[PDB]
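Visitor: Here is the input, now give the coordinates:
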Amino acid sequence: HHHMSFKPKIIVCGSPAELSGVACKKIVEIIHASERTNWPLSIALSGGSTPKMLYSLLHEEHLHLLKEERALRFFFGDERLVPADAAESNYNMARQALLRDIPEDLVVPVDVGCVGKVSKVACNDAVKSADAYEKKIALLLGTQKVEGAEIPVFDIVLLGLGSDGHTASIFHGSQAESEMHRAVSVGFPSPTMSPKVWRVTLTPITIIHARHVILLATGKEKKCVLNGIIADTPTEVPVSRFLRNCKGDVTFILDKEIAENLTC
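Guide: Numbering: from 1, shown residues only. What follows is the structure:
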């Protein structure tokens, strides 16, 4: 017909505090759908407060599955080039909530040692950190030829939608914005976005080839950027428009307020 259709699985939760519960259920369902011989399944974690609650929920209700049964190998979709123990570290937050009790081989942080080996982190520092994380992912997961570049294929990618419609640290204007060959790249936040630190990020081509993608989005204030992913024919789009090209199983987990214009 006249337009390409994008039909992700949409789950709308009544209370924004129900999103972590639905995300946890989805992740556990994906784990149990996979034969134990394919475990551990690769997950790329997002930062932020909804993820932090999802990871605390996994820790309180699914520790046996993750620690004893080694169901998941935890990677980061992005990381701030700040110390591994800083308040702005995605690894620091995931570690406090969950990863402190996960076997060490199943926890794969970005090496951020370049911070404090330099006075001010610059683009070239971020790029060497992205290349180092790419090599780490390639070793642990292996890679494959995709769309005719060899890309690791993540089992799960967890994403959050920013107020500017960014995801991971993929910003309009970033090295990552349209990156279709490298698995990992870099991004600096746009003017309205903090913290003002360089980030290592997975690229669109990596997310596009993940077996499962789970986007968490809340707030009436993100309804415009969400509509620019979901609507077929809008004039203006956010950078997360690329999620329409996802090859895997896509789930959007929403609150009522962000979902007011959807036919859910």
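
Visitor: Neighbours of the residue nearest to residue 261 when sequence neighbours are not counted, how many?
Guide: The shortest distance from residue 261 to any residue that is not its chain neighbour, by C-beta to C-beta, 6 or more residues apart in numbering, is 5.7 Å, and that residue is residue 227. (C-beta placed from N, C-alpha, C; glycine too.) Neighbour count for residue 227, taken as other C-beta atoms under 10 Å: 17.

Visitor: With residue 159 instead?
Guide: For residue 159, the count of nearby residues is 26 (other C-beta under 10 Å).

Visitor: Beta-bridge partners for it, please?
Guide: Partner residues in beta bridges with residue 159, using DSSP bridges, are residue 215.

Visitor: What separation is there between it and residue 1?
Guide: Using C-beta to C-beta, to the nearest Å, we find residue 159 at a distance of 28 Å from residue 1.

Visitor: which residues sit in contact with residue 28?
Guide: Shown here is residue 28, whose contacts under the criterion C-beta atoms under 8 Å, 6 or more residues apart in numbering are 62, 65.

Visitor: before we move on, the earlier item: extract the CA atoms of whichever strand or helix holds the residue nearest to residue 261 and return them as PDB.
Guide: Element membership of residue 227 [criterion: DSSP states H and E] is helix 223-230. Once non-C-alpha atoms are left out, helix 223-230 reads as follows in PDB (Å, rounded to 0.1, in the frame of the first residue of the first chain):
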ATOM      1  CA  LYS A 223       4.500  12.300  23.000                       C
ATOM      2  CA  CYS A 224       5.800  14.400  20.100                       C
ATOM      3  CA  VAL A 225       9.100  12.500  19.700                       C
ATOM      4  CA  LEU A 226       7.300   9.100  20.200                       C
ATOM      5  CA  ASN A 227       4.800  10.000  17.400                       C
ATOM      6  CA  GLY A 228       7.700  10.800  15.100                       C
ATOM      7  CA  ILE A 229       8.900   7.100  15.400                       C
ATOM      8  CA  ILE A 230       5.400   5.500  15.100                       C
END
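
Visitor: Cheers, nothing more for now.
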